[PDB]
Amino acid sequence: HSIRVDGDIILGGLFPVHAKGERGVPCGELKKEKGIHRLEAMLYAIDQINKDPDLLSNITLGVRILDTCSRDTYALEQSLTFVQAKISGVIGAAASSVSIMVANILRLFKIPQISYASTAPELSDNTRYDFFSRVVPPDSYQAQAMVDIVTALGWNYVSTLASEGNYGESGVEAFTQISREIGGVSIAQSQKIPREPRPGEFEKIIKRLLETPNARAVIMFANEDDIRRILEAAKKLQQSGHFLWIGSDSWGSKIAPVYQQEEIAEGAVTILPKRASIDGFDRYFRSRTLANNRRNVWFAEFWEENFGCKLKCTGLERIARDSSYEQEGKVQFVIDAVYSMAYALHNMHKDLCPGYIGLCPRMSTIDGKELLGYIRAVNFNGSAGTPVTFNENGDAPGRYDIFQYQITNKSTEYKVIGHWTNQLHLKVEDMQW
């Protein structure tokens, strides 16, 4: 029920391999992009570190990767395997509410944590989450970027849509706070999507948004699956062209919310932290087969869901050839989160074991508080050549790329229309409606 890899130093991992189940079910449908891609990015990163002769010489990094199932309660059970009083550090989680609950226990046993996706402003508080760090910026900057985008387009009358939980509510709250302080932004209504929605709830939300027909723009902090079902309801009610979607990093440039629903999502403006597609991971992931990828205990489930068969399956399918494949947006952030942990251990080794290849007797047990100090201090170029750094709160700088979902003929893409680095740089020329 987990991925175990032996090594000198063991790194913990938390990934949403499955979505949350319906009503009273813990785990649901497997996430191909948000789950497998990101999980496999950690294993790839560790493979690359272990291969290297310069970084952590004569030292093998081990793995303990667990499934969160998108639930914070389920992830809490899993996180108990990291503690008993050996896990030196933990990578994850993805969802903020999941990362918050895990951070609560990890700080008691002094285990450093680096997230690749969690953006909730609460997590930057060192009094509550001292052992938490992240390679993504807090939602404070993303909310401000949204207010700037809304201002630039002249949409002074907007509506907010949020998933229940920390990420959704805190994202919208920050947007509401900043818009109240500035002039020309007014909110028509706030809609909240429940954790366990009753049948027909998403259709009611669209109907509620249609109570204010002049509020066409909808700023939304909703999770991957919630956006899809919102767009699904809007498609059924023929609301194509009416709404003007503003999506957060949970939307980003993902394929999951827009698959088979391209027309309804046309013109949607989305935000995602600065990232690039990693070529090395693409070469690795495309060459994965049922035979060579036995480490991944969830890879057989992925195979069935990815190629649309049952182990019907020939067994000799190819990931990029037999099915459409594009690297998940936050794959870079996963790899950089692993390298952040690795460089910190490397810098700790350089001080505890001077001129000693391998782990010296002094570095038999890695001190958590000391390791946290090294993580917050690292400064290196990541998997894309971009610098990776942490501030006093363990945050990355507020740097984003602004996309827009555009169709030319029958080809779909998230085209870069701007970037936000303290100030908005929106290219109005490149936008399409």
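In case it trips you up, residue 1 is the first one in the sequence shown, and so on.
The segment from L311 to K312 is interrupted, since 10 or more residues of the deposited sequence in that interval carry no coordinates. Count the deposited residues lacking coordinates between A85 and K86 and you get 10 or more of them.
Averaged over their C-alpha atoms, the temperature factors of 139-147 and 358-366 are higher for 358-366.
Comparing 6-14 with 411-419, the stretch with the higher mean C-alpha B-factor in the PDB entry is 411-419. In the deposited coordinates, the residue among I59, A45, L39, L372 with the greatest CA B-factor is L372. Sorting the modelled residues of the chain by their CA temperature factor places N381 in the highest third. In this PDB entry, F243 carries a Cα temperature factor that places it within the lowest third of its chain's modelled residues. Residue-level temperature factors show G28 in the middle third of its chain, judged at the C-alpha atom.
Per the PDB record, residue ranking by Cα B-factor puts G165 in the lowest third of the chain.
Sort the modelled residues of the chain by CA B factor and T68 lands in the middle third.
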